[PDB]
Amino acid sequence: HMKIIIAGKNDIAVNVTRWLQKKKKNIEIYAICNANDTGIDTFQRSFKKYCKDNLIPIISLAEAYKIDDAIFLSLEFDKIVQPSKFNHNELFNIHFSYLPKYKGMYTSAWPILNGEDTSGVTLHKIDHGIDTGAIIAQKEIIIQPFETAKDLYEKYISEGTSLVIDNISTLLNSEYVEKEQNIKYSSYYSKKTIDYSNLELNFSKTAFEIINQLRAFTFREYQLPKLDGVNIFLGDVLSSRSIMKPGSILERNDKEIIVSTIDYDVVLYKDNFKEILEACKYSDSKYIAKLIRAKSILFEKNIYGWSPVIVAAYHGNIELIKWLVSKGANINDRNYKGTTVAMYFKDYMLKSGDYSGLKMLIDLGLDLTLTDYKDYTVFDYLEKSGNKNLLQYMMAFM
């Protein structure tokens, strides 16, 4: 007979809540949404939409203060919570850093900017201050030297979810231990510290710092870094050192811009993502591999959620998908409605007549049991459509 208030947004609020509904069947859940939650799924799920679709009441923070015998759990929530205004003190938060480092804002960029190898997530209490409350549990996170602010954000979402999950019984049962945050090594960045409205690359810096500025600001659904009009998608460092003033453009071609820094010259790769996506329809390994500078651009997505594997799978392109997957791409990658590669390869199989591919993708680890966000498998869509031919063929693989 418990109550929990979940205040926040995105896949973390969604996936924690999914877990609570399945695992704590009889808990009453109340939700608070963030101001900019459009109730529509984008590269993150809408928490508002999830709650509507799954009969979770949506309340105000004002209304939530007046609840008794409820845990409060903030998951990338956007409004200051004032502990005094509840009748208890069971107020909790996931913050996307290894506290007490990187309190405050832009924790997907700042660590990268500062040349960190690691970050973390932290479960702690909400007290009056900004990420000041006592720590309950933490998990260290490795940042690979190629990963972007988006890859890091995605690790935070994943690990933050898991961490809430490994501790939520102890929050609900008051069975948890806390410890006050240390003084030493504490750091905080306000909203002022980056003006995302007015981004500017600083070339009076080292190659390392410049590469890290690129990584820090590479989060496509918001922005890419820009050099004199042109969008950039990562870069590299050369062994040469230009005598030219830092910022000086040494070379330009259609794929890359080379620039002088405080030490080593840096190559900045022009963003060719749309172009790589058009090509993924029918071109082959050779041609695509010739288009690619930063390997990770194969895992990027447009506003619909379409990655290269997805567009390829939708157009038949079997030899590409094999190579994409050898490059580390996900054979069961999904768009922003939960739609899987398998489901894309369906529309082709249907429109072509050629089912000789399907076993190829199965060897590669394709999974037919997967459902989208309306709980529908590929088998459900085929049944619905009347394509018992295609249906029965596919059922053979089970």
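Residues carry their position along the shown sequence, with the first being 1.
> On average, which has the higher Cα B-factor in the deposited entry, 268-276 or 283-291?
Stretch with the greater average CA B-factor: 283-291.
> Return whichever of 137-145 and 153-161 has the greater mean Cα B factor according to the PDB record.
That would be 137-145.
> From the list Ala35, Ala342, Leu364, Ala31, select the residue with the highest C-alpha B factor recorded in the entry.
Highest CA B-factor of the listed options: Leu364.
> Per the entry's Cα B factor values, which of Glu76, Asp166, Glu90, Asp228 stands out as the maximum?
Among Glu76, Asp166, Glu90, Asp228, the PDB entry lists the largest C-alpha B-factor for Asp228.
> Considering every modelled residue of the chain and its Cα B-factor in the PDB entry, is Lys322 in the lowest, middle or highest third?
Top third by C-alpha B-factor.
> Which third, lowest, middle or highest, does the C-alpha temperature factor of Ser174 belong to within its own chain?
CA B-factor rank for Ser174: highest third.
> Per the entry's values, where does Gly316 land by CA temperature factor relative to the rest of its chain, in the lowest, middle or highest third?
It belongs to the highest third of the chain when residues are ordered by C-alpha B-factor.
> Taking the entry's C-alpha B-factors for this chain, is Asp131 in the lowest, middle or highest third?
Its C-alpha B-factor, which the entry lists for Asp131, ranks in the middle third among residues of this chain.
> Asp254: which third of its chain by C-alpha temperature factor?
Ranked within chain, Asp254 CA B lands in the highest tercile.
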